[PDB]
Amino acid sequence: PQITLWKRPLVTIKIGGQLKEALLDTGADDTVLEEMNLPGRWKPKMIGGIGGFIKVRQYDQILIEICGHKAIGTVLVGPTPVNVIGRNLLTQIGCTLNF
């Protein structure tokens, strides 16, 4: 589909057997999601943006479905104020910017 940017580009995703809402975010290298107790091993990480850094847990090879499009890659989990789908997963669903 085509998503205009008059409003935030929010979509439903499926991850860890749960449904959530997340932003399709071309400004995020990697995907960052709200606290969720995912199974498996993880590695600590710190990620920065406007305002400074937060602590997150890096999970690898996680399956996410985004508007019916399946993808598999790194998900960072922590106290983010917003769920963002980053380029690591947007590339996998064939997402481009167009103007």
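All residue numbers are counted from 1 along the displayed sequence.
Mean CA temperature factor is higher for 10-18 when stretches 10-18 and 83-91 are set side by side in the entry. Between the stretches 36-44 and 56-64, it is 36-44 that shows the larger average CA temperature factor.
Placement of the Cα temperature factor of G27 within the chain: lowest third of the modelled residues, per the deposited record.
Per the deposited record, the Cα B-factor of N98 falls in the middle third when ranked against the other modelled residues of its chain.
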